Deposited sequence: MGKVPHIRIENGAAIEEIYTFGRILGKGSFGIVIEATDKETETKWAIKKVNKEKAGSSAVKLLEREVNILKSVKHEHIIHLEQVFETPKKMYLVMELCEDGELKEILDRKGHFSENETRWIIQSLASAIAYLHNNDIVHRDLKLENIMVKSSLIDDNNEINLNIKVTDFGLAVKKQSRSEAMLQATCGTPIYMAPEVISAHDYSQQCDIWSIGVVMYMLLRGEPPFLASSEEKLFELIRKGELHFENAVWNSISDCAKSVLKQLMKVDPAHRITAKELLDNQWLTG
């Protein structure tokens, strides 16, 4: 159905339901603690955001994030169980991803196999296609968002990652006189969703290589690499990676969003199927 938005008056009201545990992350987003349902003994993750620390700006952001998490339902988009709201704090009860962020796993593993990247990108492709079909653009897809809920080494000694997309604070839902409108305005309005595709292309590069596709010593020097967008292969690791994977890479990071592949086209690509 729909997510309950329970309005309570202090932390003890929500502590009647859940046992609060250790802290899993902290930043400008608030803090995320482990929690255990006293009734069902199920493990959850509770994101506490202090409404009084962050002004009306970050609170209006948090309200759209909650509104988007309420309406989405997908196997690889984080599940919002309930929302509790005191006058001071706001609590987001979500499914627990015990294995942490994908960025931490990549840094400890080095890089991933082509099949392991294939599975992760397929999950990303399905979730991003779901969001785009519902007029939702993530706008901030990166390895620090992709949570991992469970792991599985199969018989091929290849790891299967059950990933979960999080952080919808920057997300937006899609919707002047036309004779006066400029081409880049038409492109930005008609291709407002293609930034998620670029992010999928970037994360696929980092899973295969272990380094970002563009890196520099200054911000601008980095921006210039992005505009050129020259995907550099010839590296020592690419020949054992199929040509079919490099074609979909080139399709995911077309500099022009006009010919950048779409989410639905991605799902139909032979590299994710066969």
Stretches with no C-alpha atoms in the model, relative to the deposited sequence starting at 1 = 1, 177-187
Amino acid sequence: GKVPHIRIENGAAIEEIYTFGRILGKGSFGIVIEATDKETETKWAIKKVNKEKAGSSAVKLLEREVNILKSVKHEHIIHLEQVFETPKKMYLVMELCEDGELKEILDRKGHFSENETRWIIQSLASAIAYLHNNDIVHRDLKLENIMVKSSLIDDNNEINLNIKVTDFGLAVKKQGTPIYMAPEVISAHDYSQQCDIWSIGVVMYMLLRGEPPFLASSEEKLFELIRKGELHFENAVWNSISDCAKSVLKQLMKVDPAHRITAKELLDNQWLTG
From here on, numbers count along this sequence of modelled residues.
Assert higher mean C-alpha B factor (237-245 or 38-46, deposited values) equals 237-245
Check the entry's C-alpha temperature factors for 137-145 and 186-194, then say which stretch has the higher mean.
-> 186-194
Which one of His132, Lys89, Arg108, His79 shows the biggest C-alpha B-factor in the PDB entry?
-> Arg108
Among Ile68, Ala54, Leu207, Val32, where is the Cα temperature factor highest, going by the PDB entry?
-> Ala54
By the record's CA B-factor, is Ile153 among the lowest, middle or highest third of residues in the chain?
-> highest
Quick one: classify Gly274 as lowest, middle or highest third of the chain based on its Cα B-factor.
-> middle
Chain-wide C-alpha B factor ranking for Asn160, given as lowest, middle or highest third = highest
Name the third of the chain's ranked CA B-factors that contains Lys254, choosing lowest, middle or highest.
-> middle
The third of the chain into which the C-alpha temperature factor of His74 falls is the lowest
